[PDB]
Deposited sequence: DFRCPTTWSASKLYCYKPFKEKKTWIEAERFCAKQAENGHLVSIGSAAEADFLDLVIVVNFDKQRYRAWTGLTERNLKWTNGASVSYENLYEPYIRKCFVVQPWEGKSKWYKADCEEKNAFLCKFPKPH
């Protein structure tokens, strides 16, 4: 099981950063075109975070979309929040990774901001 050229392989996944700047949704859609089950990167452990940091350093100050976003509000009874009388608007953000003291940290960003982005897909 060989990751395509330019992608970096962990045991189970192929990863690749792309420099071309895109909104969160068009980055996600770009990742999904790359492969079966392709998405913006998810980070499931410290070891994956460290591996992803290496992927970034091999390829590249960076600011890149991850697959992490905020959910819609949902009432405790399970209903969607359609109507609201919120004092301040709830606006779902998405998360970029940026360098912070030699590792990286995840920061909220406007989903319509154009950024570099990171794709992941499962081998097989």
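Numbered from the first deposited residue, the unresolved ranges run 1, 62-64, 129.
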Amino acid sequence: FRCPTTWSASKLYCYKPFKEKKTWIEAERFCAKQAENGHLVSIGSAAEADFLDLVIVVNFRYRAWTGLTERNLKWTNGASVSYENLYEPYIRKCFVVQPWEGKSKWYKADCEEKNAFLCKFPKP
From here on, numbers count along this sequence of modelled residues.
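For the pair 103-111 and 8-16, the record assigns the higher mean C-alpha temperature factor to 103-111. The mean Cα B-factor in the deposited entry runs higher for 78-86 than for the other of 51-59 and 78-86. Annotation for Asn37: CA B-factor lies in the highest third of the chain's modelled residues.
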